[PDB]
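For reference, the structure discussed in these notes is given below.
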Amino acid sequence: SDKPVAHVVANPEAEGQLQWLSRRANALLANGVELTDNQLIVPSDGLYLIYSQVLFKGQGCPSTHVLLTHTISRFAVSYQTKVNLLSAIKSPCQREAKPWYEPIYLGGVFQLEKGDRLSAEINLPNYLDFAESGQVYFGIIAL
Amino acid sequence: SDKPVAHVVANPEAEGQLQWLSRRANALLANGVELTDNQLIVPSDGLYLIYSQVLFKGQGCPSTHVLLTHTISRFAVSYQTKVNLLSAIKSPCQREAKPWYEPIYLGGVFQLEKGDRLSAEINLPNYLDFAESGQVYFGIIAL
Amino acid sequence: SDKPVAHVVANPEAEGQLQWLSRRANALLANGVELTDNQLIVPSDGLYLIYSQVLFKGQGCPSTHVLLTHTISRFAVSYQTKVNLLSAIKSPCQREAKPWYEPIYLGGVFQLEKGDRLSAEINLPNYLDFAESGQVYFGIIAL
Amino acid sequence: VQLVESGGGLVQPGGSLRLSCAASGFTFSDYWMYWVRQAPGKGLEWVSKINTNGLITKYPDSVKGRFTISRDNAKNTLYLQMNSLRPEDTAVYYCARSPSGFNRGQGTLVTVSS
Amino acid sequence: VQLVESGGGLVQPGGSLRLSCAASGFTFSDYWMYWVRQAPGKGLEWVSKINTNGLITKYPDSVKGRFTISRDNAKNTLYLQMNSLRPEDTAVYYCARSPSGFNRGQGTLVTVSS
Amino acid sequence: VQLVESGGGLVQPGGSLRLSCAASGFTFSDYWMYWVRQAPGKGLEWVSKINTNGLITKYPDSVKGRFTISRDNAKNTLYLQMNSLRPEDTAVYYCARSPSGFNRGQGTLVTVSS
């Protein structure tokens, strides 16, 4: 109550992409936070806790080395830019049948103005795992 | 503090199992949250932050591929069910005496009613590592 | 406002070490929390949320097995000690020129008194990756 | 929200049956699923529990060792494998969302006649 | 806080031309970078987007397939490598912090004369 | 909450000693442990620091290179391995929970007579 909050989950009815949803059970979008074009808009300035998690899956391993990344970025309303808040890189292949799974989690506390837009992104959507529930998500809470 | 809160750790005096404890230093159980049969019970409806982390240790690697999982699940008081809130999967072995370690962390924000019961579970307790302190824990906070 | 908070990042202009900074954009130090000798100091007793993430990078793999660790530790003002609140261990190599990346994240909720000093530590600083932004950080927030 | 069941029959001791169940009306890739058994003249006891991603399995001690439970989330189905049957497993088996029985649309009888 | 550009010239169709850009006055290892193009008699569009660590790359469909963007954070620089050019790629190219154009101190003209 | 020390004696220069400590009354698998040394006629200085899981080790520059610290949490014990000693390392040694000295029940004397 009177506390902006959002917790969105990936879209399973999509392929090779990462679209957030808020029309699912056990998902949240309340008190002014809006999801417009795969982004969450801060409704009022203050301190926020921002978290996100993704899971990558792959059968076998590509011959070439592959690096996966998960980032969270901020768009300021004034002096329009795109700053990097939290980021991480992982590499699942050490050589060269069996599948492999890799999770990545990020979280932090930041001071944000009104109208700033946050966005969580990856680089190889074809490796993503949005099959089950609670394996990919992204959210913020005001406090 | 009128803020329900809990932070429990594993039980070292146990083998091949995962029992939470709240009678340790630097562990919390306050303001109505109850540990009843390896579960944390919400004392009042509202928004909660839920987190948990586990660590797996293994000597060598098995001949067969092994997949480890860590999940957090909710039991609703009405229409008794068990939905999945947060989950992750990892695989440490790729071929074929040195040991290996793998941590898994989960965290999120959810809206819960009164009397719903939360539970954090794994699948291969014999691979768990609870020797030291702060390597396995599970907790919630109200806000 | 009237809520102690800190979020510090690594020092890029340093080698083989880990110095936290609070004089950078998108970093926080407010309402009584002080950085004194690589340590944030609690300004008032109460519940706190503590988090920290680091990233290790390594070209190739050593001939000998290597184990990396990330810990967060307390320092009680009375009965001067150093307890371990959160910790994790990871092993990047499995056998035997491509580089590898490994992230580690920790977070929890703890009750702390006034004047306790928290510190986040690693064991192999020469493997650390502080080149980019948001790849290493450590922070606390009061509730 | 219908959970149909099938696979029933008569198995002489030492045989092997295999039940099955379907679901609809909800996101099948969320809830844990429970195989429950109601016996004539006895209580209603659960026989199997499985989680969302299918890597957590649970059996009672009276059944553990000769069973196997699985699922296929794409087709919204739940399985159960009968191995080395005994006269003690003579009852009606349902699939439910709760170990105590919940949303049992239909049932199927497994008789083990010696 | 200025970003100089270079690499301009004339490339006959089917050739390949590489640009370059510099930066100063800010932490170059934070912001995303955008290659934008302004054409005579047309609007201001964006041709490339890159993130902080250089593993996320985005192009429009009109350009995708024959471009390549990169950076080196140590020297505070931004790149672009046009291959197999066309008369449509005849315009002034800027490096900016926003895809719509922001802080483009200078410019460089690329013409594809057939 | 007592910590007994031992392993003392006389070592001719260039030798190798090895001290030891035990503990009780607290969870030994939690606290960092510190080897401190008090010299006759000087201040009290720490010689070694170790963390809970034993992968973080710290020495002063006056000692670094010739010592080795370790622990065993199952038996609630802490070690110290001495290499290539000098007359400067002639003092009493304690095991404690703080680098400045705290909860040192006893101390063991090490003399390096040349």
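Distance from the alpha carbon centroid of region D:39-114 to that of region C:1-20 works out to 55 angstrom. Normalised by the number of residues in region C:29-89, the mean separation of alpha-carbon contacts (under 8 Å, six or more apart) gives a relative contact order of 20 percent. Between residue F:88 and residue F:45, full extension at 0.36 nm per residue minus the direct alpha carbon distance yields a gain of 14.2 nm.
Projecting label points 7 angstrom from Cα along Cα→Cβ for residue E:16 and residue A:24 puts them 4.3 nm apart.
Shielding of peptide A:128-136 by partners, expressed as the average count of other chain Cβ atoms within 10 Å per residue Cβ, is 5.
A simple spin-label model places pseudo-atoms 7 Å from Cα toward Cβ; at residue E:73 and residue E:27 they are separated by 1.0 nm.
Within a 10 angstrom radius of each residue's Cβ in F:77-86, how many Cβ atoms of other chains show up on average? Whole number is fine.
Values: counts 0, 0, 0, 0, 0, 0, 0, 0, 0, 0.
Counting other chains' Cβ atoms within 10 Å and averaging over F:77-86 gives 0.
Legend: residue pairs A:82/E:75; A:3/A:114; B:98/C:82; A:57/A:82; A:57/D:49; B:82/D:49, Cα-Cα distance threshold 22 Å; pairs beyond threshold, B:98/C:82; A:57/A:82; A:57/D:49.
Counting neighbouring beta carbons within 10 Å and listing from fewest to most, the residues E:114, F:70 come out as E:114, F:70.
With the cut-off at 1.5 for a/c, could you classify the protein assembly as shown from its C-alpha gyration tensor as rounded, prolate or oblate? The shape class here is oblate. Say a site is exposed when it is one of the trypsin sites (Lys or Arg not before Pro), sits in a DSSP loop, and has at most 14 other Cβ atoms within 10 Å; what is then the longest site-free stretch of chain E? So the longest stretch without any such site is E:1-41.
Derived scalar couplings between HN and Hα for region A:61-76 equal 7, x, 4, 7, 5, 10, 10, 9, 9, 9, 9, 10, 10, 10, 10, 7 Hz in order, rounded to whole Hz, by the Karplus curve 6.51 cos²θ - 1.76 cosθ + 1.60 (θ = phi - 60°), x for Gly and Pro. Between amide H atoms placed 1.01 Å from N, distances below 5 Å from residue B:45 occur with B:114, all of them 5 or more places distant or on a separate chain. Would you mind counting up the charge near residue E:11? Only other residues with Cβ under 11 Å from its Cβ, with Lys and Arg at +1 and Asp and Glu at -1. Cβ neighbours under 11 Å give a net charge of +1.
Remark: region F:59-67, residue by residue, has Karplus-estimated 3J(HN,Hα) of 9, x, 5, 6, 10, 4, x, 10, 10 Hz, where x stands for each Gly or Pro and the curve is 6.51 cos²θ - 1.76 cosθ + 1.60 at θ = phi - 60°. Applied to region B:126-137, the Karplus parametrisation 6.51 cos²θ - 1.76 cosθ + 1.60 on θ = phi - 60° returns per-residue 3J(HN,Hα) values of 5, 8, 6, 10, 10, 5, 8, 10, x, 8, 9, 6 Hz, with x for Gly and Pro.
Placing unit charges on C-beta atoms (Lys and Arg positive, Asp and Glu negative, everything else neutral), compute the dipole magnitude of the protein assembly as shown about its Cα centre in debye, rounded to 20.
Details: 69 positive and 60 negative charges, 184 e Å.
The dipole magnitude comes to about 880 debye.
Please order F:82, D:33, E:82 by the number of other Cβ within 10 Å, starting at the fewest.
On the way: F:82 19, D:33 25, E:82 22.
Least to most surrounded, the residues fall as F:82, E:82, D:33.
Note on region B:36-111: Cα Rg divided by 2.2 N^0.38 Å, N the number of residues, gives 1.45.
When a/c reaches 1.5 or more, the comparison of a/b and b/c decides; with that in mind, is chain D rounded, prolate or oblate per its Cα gyration tensor? Walk me through the numbers on the way to the answer.
Working: a/c = 1.71, a/b = 1.56, b/c = 1.10.
Cα axes put chain D in the prolate bin.
The relative contact order of chain E, computed from alpha carbon pairs under 8 Å that lie at least 6 residues apart in sequence, is 38 percent. Taking a sphere under 12 Å around the Cβ of residue E:33 and counting the other residues whose Cβ falls inside, with K and R at +1 and D and E at -1, yields a net charge of +4.
Compute, for region D:5-111, the length of the dipole vector about the Cα centre, with Cβ point charges of +1 (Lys, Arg) and -1 (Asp, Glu) only. Units Debye, rounded to 20. List each step's numbers first, then the result.
Values: 12 positive and 7 negative charges, 15 e Å.
Roughly 80 debye for region D:5-111.
From the square roots a ≥ b ≥ c of the eigenvalues of the alpha-carbon gyration tensor of region E:70-114, which class results: rounded (a/c under 1.5), prolate (a/b over b/c), or oblate? Oblate.
What does the charge count around residue A:96 come to, taking other residues whose C-beta lies under 15 Å from its C-beta (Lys +1, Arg +1, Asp -1, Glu -1)? Present the calculation step by step, with values, prior to reporting the outcome.
Details: positive: A:95, A:98, B:95, C:95, C:98; negative: B:96, C:96.
Net charge in that neighbourhood comes out at +3.
Remark: mean inter-chain Cβ contacts per residue of C:20-27 equal 2, using a 10 Å Cβ-Cβ cutoff to other protein chain atoms.
Since every read-out is calculated from the coordinates, none of them should be taken as a lab result. Please note: Cβ atoms are built from the backbone with ideal geometry, for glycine as well, and neighbour counts cover all protein chains shown.
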